[PDB]
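First comes the structure, then the notes that go with it.
Numbering (mature numbering (1 follows the signal peptide of the UniProt record, and there is no 0)), first residue to last: 1 to 207.
Set out below in structure tokens:
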């Protein structure tokens with residue numbers, strides 16, 4: 001499957017792509033404002049994620065730091081990033097279908113659109129000003145808006161018993177972005193696409 005990753009933000013982002021225990025394609029790349037990066041994701045990939053990282057510094061070996069979404073200090077991510085991270089999530093070729101979603105379960109840093117470039121399904125978007133409106137206790141100093149689990153580490157926010165309800169914090173994310181997951185047991189906003197669809201992830205689709 002092909003993913004085109006487009007940075008429409010006025011600022012540089014460092015895109016990342018991983019399935020948690022391995023990079024997808026190169027795993028990461030700098031995207032200046034307007035740049036597009038095309039990657040190839042193996043069919044059958046389960047639990048892949050794409051996200052943006054902000055305010056990164058990397059040396060020549062590809063080692064450094066980002067203020068959001070850092071994946072163990074690497075330019076080319078092999079593992080998932082540090083919250084807060086708006087997440088494009090996908091599982092491909094699962095019994096003939098692709099499944100895609102956007103999630104705020106790990107917080108929000110950059111607005112995102114996640115759409116097929118092939119026919120058969122619709123895209124999803126979270127493009128509200130979540131950082132600007134972020135509740136005081138969820139604000140991340142390095143930028144972004146943390147989820148409540150990351151901040152408070154309770155069974156209720158993290159849903160660690162498999163039983164939890166919505167919270168004042170999850171409802172904030174859900175109000176601003178109804179089409180993204182706001183907590184673990186949120187009513188699913190997953191979109192079903194034909195197996196082997198292709199996609200575009202656009203950072204700052206509006207702004």
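We put the beta carbon where it would ideally sit given N, CA and C, even for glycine.
Among 183, 164, 146, 126, nearest to residue 206 - alpha-carbon criterion: What you label residue 206 is simply residue 206 of the chain shown in a count that begins at 1. For residue 206, the nearest C-alpha among the options comes from 126.
Spatially closest choice to residue 120 from 99, 113, 139, 111, by CA coordinates: As a first step, residue 120 is located in the chain shown; it is residue number 120 there, counting from the start. Ranking the options by Cα distance to residue 120, first place goes to 99.
Other residues of its chain near residue 72: CB distance less than 8 Å, five sequence neighbours each side excluded: Start at 1 with the first residue of the chain shown, and residue 72 comes out as number 72. Contacts found: 78, 79.
Residue 30 (DSSP reduced to helix, strand or coil): The residue labelled residue 30 in the question sits at position 30 within the chain shown. DSSP places residue 30 in strand when its eight states are reduced to three.
Residue burial classification, residue 89 (beta-carbon count within 10 angstroms, cutoff 16): Residue mapping note: residue 89 aligns to position 89 of the chain shown, counting from 1. Residue 89 should be labelled buried.
Which listed residue (183, 59, 2) has its alpha carbon closest to that of residue 154: Taking the first residue of the chain shown as position 1, residue 154 is located at position 154. Out of 183, 59, 2, 183 has the C-alpha closest to the C-alpha of residue 154.
Stretch pair the segment 167-180 + the segment 4-23: three plus CB contacts closer than 8 Å: no
Residue 68 - DSSP class collapsed to helix/strand/coil: In the chain shown, the residue the question calls residue 68 occupies position 68. Here residue 68 sits in strand by DSSP.
For residue 168, the three-state DSSP class (helix, strand or coil): Locating residue 168 in the chain shown gives position 168, counting from the first residue. Helix.
Where the alpha helix (DSSP H) through residue 132 begins and ends: Taking the chain shown and counting its residues from 1, the one referred to as residue 132 is at position 132. Its alpha helix (DSSP H) spans residues 130-133.
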